[PDB]
């Protein structure tokens, strides 16, 4: 009833781009929880659960976006960095970003 999904993360100067791999889910008006707060992201789409801690802060605002991709079978989550141009280290070591 909780699974820790495969995920991966890249960035540019404004955003981090989280890619969360999921199988056999159903969306609804209320099934998806995403909390973004300082350096934390929590994603809950039962059974799937991620709680991630980043090396710097993000900010939830109008720019936050999440889109399901059926070819890739993932939700692509795009969150803004609290500071433009700030580098986030070690995003290629997903295993470490677990809170």
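Positions refer to the first chain, counted from 1.
Undergrad: Comparing 70 to 78 with 24 to 32, where is the mean C-alpha B-factor higher?
TA: Comparing 70 to 78 with 24 to 32, the higher average CA B-factor belongs to 24 to 32.
Undergrad: Can you let me know which of the two, 86 to 94 or 6 to 14, has the higher average C-alpha B-factor in the entry?
TA: 86 to 94 has the higher mean C-alpha B-factor.
Undergrad: Which third of the chain holds residue 37 when residues are ordered by C-alpha B factor: lowest, middle or highest?
TA: Within its chain, residue 37 is a highest-third residue by C-alpha B-factor, going by the deposited values.
Undergrad: Ranking the modelled residues of this chain by C-alpha B-factor as given in the entry, is residue 46 in the lowest, middle or highest third?
TA: Highest third.
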